[PDB]
Amino acid sequence: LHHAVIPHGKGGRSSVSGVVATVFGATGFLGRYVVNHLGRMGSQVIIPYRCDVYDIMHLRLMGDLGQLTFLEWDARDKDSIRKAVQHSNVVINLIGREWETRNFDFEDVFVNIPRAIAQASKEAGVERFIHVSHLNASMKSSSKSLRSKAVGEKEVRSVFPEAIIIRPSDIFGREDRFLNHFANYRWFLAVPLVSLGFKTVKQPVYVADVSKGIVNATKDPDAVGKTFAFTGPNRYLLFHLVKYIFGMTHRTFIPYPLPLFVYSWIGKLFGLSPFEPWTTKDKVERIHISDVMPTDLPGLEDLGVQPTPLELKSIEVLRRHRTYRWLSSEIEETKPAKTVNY
Amino acid sequence: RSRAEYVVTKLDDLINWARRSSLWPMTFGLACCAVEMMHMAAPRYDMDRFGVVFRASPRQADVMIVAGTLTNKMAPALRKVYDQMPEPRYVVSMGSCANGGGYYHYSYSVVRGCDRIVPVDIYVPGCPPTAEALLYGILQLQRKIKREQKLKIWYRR
Amino acid sequence: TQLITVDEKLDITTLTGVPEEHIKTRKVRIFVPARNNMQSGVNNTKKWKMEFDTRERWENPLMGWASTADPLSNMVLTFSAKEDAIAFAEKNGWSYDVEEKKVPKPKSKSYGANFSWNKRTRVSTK
Amino acid sequence: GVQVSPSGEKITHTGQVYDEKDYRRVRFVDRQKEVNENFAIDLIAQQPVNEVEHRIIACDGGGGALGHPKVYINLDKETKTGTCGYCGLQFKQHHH
Amino acid sequence: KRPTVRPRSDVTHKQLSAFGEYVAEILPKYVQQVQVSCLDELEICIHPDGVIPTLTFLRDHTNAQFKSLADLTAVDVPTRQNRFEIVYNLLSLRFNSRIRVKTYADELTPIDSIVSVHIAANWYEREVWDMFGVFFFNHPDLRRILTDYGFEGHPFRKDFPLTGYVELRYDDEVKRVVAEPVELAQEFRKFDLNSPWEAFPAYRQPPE
Amino acid sequence: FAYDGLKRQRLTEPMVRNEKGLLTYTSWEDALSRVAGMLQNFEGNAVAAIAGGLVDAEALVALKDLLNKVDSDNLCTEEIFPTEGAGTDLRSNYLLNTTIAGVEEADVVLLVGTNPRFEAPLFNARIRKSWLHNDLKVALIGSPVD
Amino acid sequence: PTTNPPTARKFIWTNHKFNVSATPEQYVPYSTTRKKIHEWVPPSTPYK
Amino acid sequence: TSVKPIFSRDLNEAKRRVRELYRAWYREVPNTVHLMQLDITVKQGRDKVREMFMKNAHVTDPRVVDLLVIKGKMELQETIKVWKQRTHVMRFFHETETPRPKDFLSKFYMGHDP
Amino acid sequence: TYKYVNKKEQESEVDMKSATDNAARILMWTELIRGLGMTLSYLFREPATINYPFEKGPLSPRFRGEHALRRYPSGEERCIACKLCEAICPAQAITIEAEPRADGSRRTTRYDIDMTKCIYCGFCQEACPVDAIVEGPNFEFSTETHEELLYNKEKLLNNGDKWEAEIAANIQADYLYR
Ligand SMILES: CCCCCCCCCCCCCCCCCC(=O)OC[C@H](COP(=O)([O-])OCC[N+](C)(C)C)OC(=O)CCCCCCCCCCCCCCCCC
Ligand SMILES: NC(=O)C1=CN([C@@H]2O[C@H](COP(=O)(O)OP(=O)(O)OC[C@H]3O[C@@H](n4cnc5c(N)ncnc54)[C@H](OP(=O)(O)O)[C@@H]3O)[C@@H](O)[C@H]2O)C=CC1
Ligand code: SF4
Ligand code: SF4
Ligand code: SF4
Ligand SMILES: [Zn+2]
């Protein structure tokens, strides 16, 4: 290898981990955690960004001096994508929206941008490309986003043949769109679950676990060309999961069995917004799609991460949503949700 | 280009003009450099003329002038009062101590630069930087937040 | 009534606050420092010193400076006596390597040997 | 003078430049690497040789106390001029 | 006469030597050494158990009246058995004089606190404990005063590194200021600024 | 002045042969795995070691223990010393037994088959010092060398 | 500097530059020292 | 081989002081977890207290263990009166530090540090 | 000698006029009215505010600002890589490496100043034997990133080329004191 890419130090802030990683979805929810881990171990992290320097400026302290390179990029600019991936050996793709704008739709975001990034990366000569799709993105799913991510997986594997495809489940964290969403149902009268929240199984995975998995994929020699499944340790029904969320929030719980078609109607009613929508039709379809069982795919165990349970890491998310009455409540004051083997 | 882009740009220019014409520091200093920031508040330089008025609580504060040495006993308080400010919050580091540790860079009890704790928007060098230099930093911050285009990036989204 | 009896090695490592790595994995060197041959002055070879084993120094990615990860790289401790250095090292729990002081050997100097009648010590120049 | 590498990056007067495959040029991407355009090596190569008459010349760099500590250069070797160790100005004795 | 040499007065040296003899013969139980420097400063070195009688006598004696404690500090000389040399600087406003009282301690022998004599000794002994680890008996509230909360080790000791063992930085994963083992972008360059030629023949030690 | 050889022609990464026969860089795990696999493939007489000149005693005893554990005794050095007779069995047979203090103490020295000025410059300097002061009788079997 | 202009030198800038931070013209630090330890290059010819 | 005691004449009285300090810490841990909004549970804090005590368990000198009791009592008081914060409490867990493995292969693969 | 700041001399007794004066002082707020009048005088004075950035605060030729590396009138850099500034630098903000140049002169290949670590004390410019490193009076060089405040040899030489017009003039005006 090169003389400047040899790792040095004891793995701290000022150390050299010998990885030059271009992280494309670094501004969003998972991106800040993966950039935090990369800069923690000490890395050359390139952040191509689209939004304001103020909006990315929370990432400025994630690493040492000169170890983070921020640069403009446009999703329609192959020249800018190539100039972002020109000096790198790991290219990490986290580009994604939960809705559709008039400039970018699901097909563009989950197919065209990852294909362009992988093509520029292959023509620039990187040796590791990591692409984060979603779990249960096989094909012919009931939502547009899952099908688009599946055909994006196909295109990414066709262009870059040894790309590490990571399929995490519904990621929960401090700034997620999952636990904060289910706690944001508290602003309405009831919780409108489809079939009262049953026949829908979920295993959420911690964002720090996903980020540690991505970093160990950057330094894993035998992970090339593989598809990993990043899932949590316990499978919960959707009803029991929302029940545990509202119990930890200590707010109230009134469930409501509401049919899926009119729930999709009110979902796209909320989604027809110029700003970031509270929910969309695709969002409620993703909520009510059950998670598949990962049998043959490797996971966080095979990639070197112990999955932290939601019961252990749930109070750093839901303590924001509780009132003053229940603010000083511990873990043991809320009964954990019942798990299911299936 | 189309009509809507020009309207968004002019509205955004108005937004940024208000934001840079009214910026309030948190009444917060540490050392030598805090003596120099009150020398900038002194009548010669008139940060009040520039439109820049102290508010003690971080809830009414816009810009955080980290002026002095950040110690290990002070860093959690620094981060706390940074996080308790509202969303449009900007940070100016003042002096060599807040920039990169300064004259106590090799100390056991000194944070090597306040950017290890808070995201620093601009850096003002000197030990202490004169009130001239801090006024220069404040005007540079005004130009920097004049440069941003939140509404325009939102429309391009 | 104010004297108790202990039969131990005076271990204060739990009171020093040093982490376990920098106690167990460190080797100190106790010696009188050698006189540098660029000068003839010998005032620096009078006090005993302990230093620590050298750890890794690498190059900074940004500027190229000498980055380090150990705290005890510039640690030099001075002592009046070798047994005092042994006492300090055993009290602080560091394994030590001790070099005996290299005193210069006394030698016979005579200006008249430069002008010998028969010996080879006569010099051909001045 | 300044020269450019095959990678297109200009070379400083110290002579250092990043390699083609060096990852540290992303530091210069979308920015600039600045190099002082005035090189001291050729800026002395354009300096004329000071022609004096004495066997030992004294140099202070000019300006008196604004220059360097004054040194004495011995101009005996006819095959090589005498150079001040501080300012680099060459001196030559007259053999005519 | 000499404009570059500090003028000296022998009268102050004689008065301080006479008072040193006076204190030494008044308190032979604890006074181990009495010396007067070339700078006309009086130092009495005493046993650690005699700190309370010595300070009380110096404060409450009519001929001493050292009612003001200038400072309390410690010096770490880690080549002797009792490595912490504890120094009390005292001021007499009645007689316009200054005295220094020295004692010794090591890492496991505390000495008596003089808070009952001087109230400034409270914070000064808190500083001494925080910086050097010397415990003080019968202190009202002996705790750390200058180091960070939960700081392990006493940083003014000689064997403690200059940069320390941990540093603080903000972690966004846990949203907290957290401590990490020390890593420096540029290591502190140790300079050997000691000439191998003897500077002061009056302080030439005999060979070992 | 030969310390600047430690700045050029240096091995920094482990290398292995390709499938075409060229040396390319690899990881420590891969290099040690290949060498260990070959070592487990081959038996005691089939594996041997040879040591050069700039080698410490720690690596020598480590390689000795490794080849003794795979039952290999072909532990050779590239410098030749006679093996029969006493050989390396007796420590007086291969050692400067008189030592450099004995260089100062002797009065007649006989150098057989060596050029001490270049083979051991400080030992030759001590010979010259004792020749100048104590008047050694130095004699030589070998080529006429300054 | 109209009655007492400064001394003219051929390395002084003919054109001044203002503070060019947050621009493509800004100063970016780098190491001005060349490579020190040189790796041994293996030959490109196989032995067999 | 005769020294001057600090508080305890022998190791048994100092062990009694250690036991009393452990009682006070074990009582305080639920109050700390309730008052400062800590991620940990009551079991994790008591396990951490036990871990620190067992870390210091190898001491057999009465003066050293008396000073350890003194330091533990100051930490306890600094926990009673809220001077240590959430960050100061969570520095005991090292949850951001990747631990160095104790095996020779990992020590060899990372770097030259033994 | 000494004096009392609050101890009054004897007593002013009790007189009817003095009692009336004290009653007027307490009731009609006389000291409050005169404080109002003095603040009114400040209102009618002229402010001491200069019009930054069009008016700049006055300075002196000794002012320690942004660092610079000077050259000789021939254009050769004054620094001779003697590392005296790095030795004297109290904050250890100077890093120097050097080698013989192509013509044999001893010039720096690396003269870095961490200006976030600098304390701007002038020890380097008073320790330099050849007036190579100086503190030009530029203070208006605040940046937006921490990296670009870490100065290397090229930046320092380029700044010395930029500010040579007033650095030489200031050294001419002040050098006779130093
Ligand atoms: C609206 C019209 C204009 C109004 C005035 C506006 C301009 C002036 C503003 C001045 C600045 C005020 C700022 C706030 C000041 C607060 C302090 C303050 O005022 O304290 C009050 C001070 C307090 O005094 P004090 O506090 O110093 O007194 C000591 C009191 N103890 C010991 C209890 C603390 O004075 C008063 O309370 C006096 C009130 C007014 C009394 C007026 C009496 C007038 C005469 C009556 C008739 C007399 C003759 C009777 C007949 C005789 C016949 C023989
Ligand atoms: N969040 C979840 O529940 C899960 C998400 N994933 C996947 O993981 C990835 C990262 O997740 P997450 O952080 O939550 O997603 P976000 O919603 O936070 O967005 C991720 C990033 O994508 C960027 N981006 C989106 N659209 C565009 C576009 N058209 N052009 C340029 N940049 C764009 C955004 O940049 P900017 O800020 O500039 O707009 C943002 O930084 C996504 O691909 C997501 O589908 C997988 C499993 C679960
Ligand atoms: S940078 Fe200098 S002036 Fe400012 S606080 Fe630090 S020491 Fe004081
Ligand atoms: S700047 Fe001056 S003091 Fe520093 S190395 Fe160069 S010549 Fe020496
Ligand atoms: S001004 Fe002082 S602190 Fe700054 S570089 Fe010069 S000597 Fe160092
Ligand atoms: Zn000269």
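Just so you know, the numbers here start at 1 and follow the chain as drawn.
Per deposition record, electron microscopy, 3.3 Å.
Quick reminder: no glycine exception, Cβ is built from N, Cα and C everywhere.
The candidate list I:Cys121, I:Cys128 contains one residue that Swiss-Prot assigns to the [4Fe-4S] cluster 1 site with I:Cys79, I:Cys82, I:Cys85, namely I:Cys128. Under DSSP, the residues of the domain '4Fe-4S ferredoxin-type 1' (I:70-99) split into helix, strand and coil as follows: 5 helix, 8 strand, 17 coil. The binding-site residues shown are I:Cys118, I:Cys121, I:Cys124; of these, the one with its CA atom nearest the CA of I:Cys85 ([4Fe-4S] cluster 1 binding site) is I:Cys124. Remote same-chain residues near the domain '4Fe-4S ferredoxin-type 2' (I:109-138) are listed as 59, 61, 63-70, 77-80, 82, 84-85, 87-99, 146, 149-153, 156, 159-160, 163, 166-167, 170-171, 178 (criterion: CB distance under 8 Å, separation of at least six residues from the stretch ends). Sequence-distant contacts of the domain '4Fe-4S ferredoxin-type 1' (I:70-99) (same chain, six or more residues past either end, CB-CB distance under 8 Å): 105-115, 117-119, 121, 123-125, 127-134, 157, 160-161, 164, 167-168.
Under 6 Å, Cβ to nearest atom of ligand 5: this is the test, and of the binding-site residues I:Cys79, I:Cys82, I:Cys124 it is passed by I:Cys124.
Looking only at the binding-site residues I:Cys79, I:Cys82, I:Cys85, I:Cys128, the densest Cβ neighbourhood within 10 Å occurs at I:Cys79. For ligand 4, the nearby binding-site residues are I:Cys79, I:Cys82, I:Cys85, I:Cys128; that is, of I:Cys79, I:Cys82, I:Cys85, I:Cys89, I:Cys128, these have a C-beta under 6 Å from one of its atoms. Report note: the [4Fe-4S] cluster 1 site is defined by I:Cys79, I:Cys82, I:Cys85, I:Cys128, and the residues of the same chain whose CB lies within 8 Å of the CB centroid of those residues, excluding them, are I:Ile80, I:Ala81, I:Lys83, I:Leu84, I:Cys124, I:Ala127, I:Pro129, I:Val130, I:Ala132, I:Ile133. Summary: among the binding-site residues (I:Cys89, I:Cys118, I:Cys121, I:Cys124), the fewest other C-beta atoms within 10 A of the C-beta are counted at I:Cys121. Other residues of the chain with a Cβ within 8 Å of the Cβ centroid of I:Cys89, I:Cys118, I:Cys121, I:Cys124, the [4Fe-4S] cluster 2 site, are I:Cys85, I:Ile88, I:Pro90, I:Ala91, I:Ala93, I:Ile94, I:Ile113, I:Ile119, I:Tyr120, I:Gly122, I:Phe123. Checked against I:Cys89 ([4Fe-4S] cluster 2 binding site), the binding-site residues I:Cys79, I:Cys82, I:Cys128 differ in C-alpha distance, with I:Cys128 being the nearest. I:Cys128 ([4Fe-4S] cluster 1 binding site) sits 16 Å from I:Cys118 ([4Fe-4S] cluster 2 binding site), taking the CA atoms of both as reference points.
Across the fold, the C-alpha of I:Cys124 ([4Fe-4S] cluster 2 binding site) and the C-alpha of I:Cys82 ([4Fe-4S] cluster 1 binding site) stand 12 Å from each other. Note: the domain '4Fe-4S ferredoxin-type 2' (I:109-138) comprises 5 helix, 9 strand, 16 coil (DSSP; helix = H, G, I, strand = E, B).
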